[PDB]
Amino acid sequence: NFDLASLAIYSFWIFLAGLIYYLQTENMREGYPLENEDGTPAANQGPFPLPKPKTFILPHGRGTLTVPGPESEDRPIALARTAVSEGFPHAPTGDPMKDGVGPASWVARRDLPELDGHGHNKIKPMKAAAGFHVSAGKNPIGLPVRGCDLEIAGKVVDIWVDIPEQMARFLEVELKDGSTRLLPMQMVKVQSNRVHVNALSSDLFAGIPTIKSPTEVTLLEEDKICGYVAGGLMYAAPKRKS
């Protein structure tokens, strides 16, 4: 009965159980311990223990990250309980786009730009990135930008490029008042005559968070920008035509 193949297949299942245990605890380095909806630690944390901490040494003198560690949202959250029991939605108390909740949420990432391997800003406007140019597809610069209400909101003045990846990440759009906003590349349709933005009506473009420097964008800013624009799919759909 107990031959070598049998011993091997039993040994593998013991190995695999250990491997799954390792993999699951490794995947608990963010977001745990579990919390109650009031924010206090939950009683049932599951059958897997928290992993012991590990450290990353970040490049360019940016410090170290130790996970897991005591965590915090580091921002106000404008939502209210809608039920005494757990499991029910929390409703926005205010303007969810402006308050950045739900699909418009952003994370308090570092207010510093991501850097490339050489310590330079990873994302730059094309007008500040020597050599870069549109090499294929429709060049959107100078094209008009149109929201889901079919009204024009501005025109494309530049493209923000991921230098190491050679990839367009943001369109910079000038509004009727002369200020500009960044629009994620993944959220626009570059057409032959226009750029169409389905997520926002023309009058919600001005509510896009602004950046504090004309030639760089921080990780915090990217998260606020991208979360605002994505939250338009749920919270601007009243103003989305047909």
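Superpose the two forms; the largest set of C-alphas matching within 1.5 Å is the rigid core. Sequential numbering from 1, following the sequence displayed.
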item	value
Stretch with greater C-alpha deviation in 9 other deposited structures of this protein, 174-182 versus 24-32 (rigid core superposition)	24-32
Which of 71-79 and 114-122 lies farther from this form in 9 other deposited structures of this protein, as RMS of C-alpha positions after a rigid core fit	71-79
Which of 62-70 and 187-195 has higher mean CA B factor, as the PDB entry lists it	187-195
Greater mean Cα temperature factor according to the PDB record, 72-80 or 103-111	72-80
Top Cα B factor in the deposited entry, candidates 31, 46, 53, 209	46
CA B-factor placement of residue 136, once the chain's modelled residues are sorted into thirds	highest
Position of residue 98 among the chain's modelled residues by C-alpha B-factor, lowest, middle or highest third	lowest
Entry-reported Cα temperature factor of residue 182, expressed as the chain third it lands in	middle
Assigned third (lowest, middle, highest) for the C-alpha B factor of residue 26	lowest
Record-listed C-alpha B factor of residue 164: chain third	middle
